[PDB]
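Participant: Take this sequence and fold it.
(one chain, ligands or ions: 2)
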Amino acid sequence: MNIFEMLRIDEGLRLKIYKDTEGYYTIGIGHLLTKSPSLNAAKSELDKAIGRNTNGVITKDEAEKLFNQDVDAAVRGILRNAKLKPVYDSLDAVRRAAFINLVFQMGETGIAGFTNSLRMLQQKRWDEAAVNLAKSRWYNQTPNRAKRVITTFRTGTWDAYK
Ligand SMILES: [Cl-]
Ligand SMILES: [Cl-]
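Facilitator: Numbering: from 1, shown residues only. Ligands and ions are numbered 1, 2, ... in the order given. Provided below are the atomic coordinates:
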């Protein structure tokens, strides 16, 4: 198991524009297109991201390409972020994948306040961090995915995902 397979389980793959859990226009492997309500604004962004007139549909290859870009940008953002970087550095390989998942999902941004959880993770207080992470809109909105991520942080293994 690796970050790609992990996120592919969490996000699924859809080749036609769809709405995500928050109601946003998405495509592929969790690739957010726009937060606007307009399906046309979504088709426009999609064509712009693909470099072709897509009519809201892409191929598996095109989906995989967006995915590779997005994981690369997720990692790079973490490494550029002064709050994130030290946590990431401190973690083992599995837990690093858990942190990447969290950022892919919610942006460098929204996780902005796992301030307390982040300090807990850096300190390696696994159980306490898992408890703190669970007190979040994140956990309440997408409880099954949150549980898997949380378990990866607690345990440092891929058990939640076999
Ligand atoms: Cl893009
Ligand atoms: Cl879920």
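Participant: What parts of the protein come near ligand 2?
Facilitator: 142, 144-145 (C-beta under 5 Å from the ion). No exception for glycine: its C-beta is placed from N, CA and C like everyone else's.
Participant: hmm, 8 Å instead?
Facilitator: With the criterion set to C-beta under 8 Å from the ion, the chain comes near ligand 2 through 10, 21, 142-148.
Participant: helix or strand for residue 106, which one?
Facilitator: Here residue 106 sits within helix 93-110, counting by DSSP states H and E.
Participant: Next, count neighbours for residue 141.
Facilitator: Other residues near residue 141 number 11, with proximity taken as other C-beta atoms under 10 Å.
Participant: And for the residue nearest to it when sequence neighbours are not counted, the neighbour number?
Facilitator: With sequence-adjacent residues excluded and distances taken as C-beta to C-beta, 6 or more residues apart in numbering, residue 141 is closest to residue 21, at 6.7 Å. For residue 21, the count of nearby residues is 10 (other C-beta under 10 Å).
Participant: and residue 21, that's in a strand?
Facilitator: No - Residue 21 is assigned coil when assessed by DSSP: H, G, I helix; E, B strand; the rest coil, not a strand.
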